[PDB]
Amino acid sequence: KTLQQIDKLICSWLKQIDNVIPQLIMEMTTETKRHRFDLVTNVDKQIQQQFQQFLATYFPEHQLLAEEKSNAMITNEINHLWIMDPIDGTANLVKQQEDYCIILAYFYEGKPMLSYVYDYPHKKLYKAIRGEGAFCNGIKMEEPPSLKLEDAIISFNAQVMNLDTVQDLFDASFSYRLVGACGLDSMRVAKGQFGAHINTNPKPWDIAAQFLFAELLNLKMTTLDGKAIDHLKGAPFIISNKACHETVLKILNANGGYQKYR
């Protein structure tokens, strides 16, 4: 069926994008979408429009669900779907020129088959391939050791939570860190550097690649109620070492839950 051949083409596209991003940065251009903190650049747009055109030339029947376009349009009954976040970490890109990524994920009959989180700034490509595994620049990633929460660093956006449940999380974990790109905080979970990453209101594209990684590396990836996540619509989600999953959810839901209140 081979996914290995499709992988080869995706990786070849990613090498071509390597040479293209420098000139996009060279003529960078910033705009805001819904508020002053919601950024898009020509980089985002151009990376996306280019995969779209790659998809049309090499995979004309395949559909695309991507951040910087209408997804009117995508439905529950579609055989070949690619979910794309062309730059996950746009705020990092613009403000830092560091700690953003490209997220790509291919779904066959709803089932994740290929996934890509490309940390362009560090030249590290994490990929996952149903049947072969998950890799970082080609070296095989393995299931990470067990981490109990009290031993684990954790990552979440603390601005978007009430401070009571932020505190309970600080008190229950080893320490707290933030990269600020869902892709990259998730890959830190995947490598056992963090015990868990939480995003309370992610988009489909912000989490699309992670499903396959979570599956192949024996991580947990769920709603904040422990349920399967619909990959088409987002959901408040968590990616977690298996040893600290229930505990984080329990804390998040305790005492009336994690939502702001003021």
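For the two forms, the rigid core is made up of the largest set of C-alpha atoms that agree within 1.5 Å on superposition. Throughout, we count residues from 1 along the sequence that is shown.
The stretch that moves more in 4 other deposited structures of this protein, judged by CA deviation after a rigid core superposition and choosing between 65-73 and 231-239, is 65-73. Higher mean CA B-factor, judged across 10-18 and 250-258 from the recorded values: 10-18. Mean C-alpha B-factor is higher over 70-78 than over the other stretch, the pair under comparison being 177-185 and 70-78.
Taking the deposited Cα B-factors for 216, 43, 232, 196, the highest one is held by 232. You'll see in the entry that, of 210, 223, 57, 201, the Cα B factor peaks at 57. Among all modelled residues in its chain, residue 158 ranks in the lowest third by Cα B-factor. Looking at the C-alpha B-factors along this chain, the one for residue 122 belongs to the highest third. Annotation for residue 206: C-alpha temperature factor in the lowest third relative to the rest of the modelled chain, per the entry. The PDB entry assigns residue 93 a C-alpha temperature factor belonging to the lowest third of its chain's modelled residues. Placement of the Cα temperature factor of residue 140 within the chain: highest third of the modelled residues, per the deposited record.
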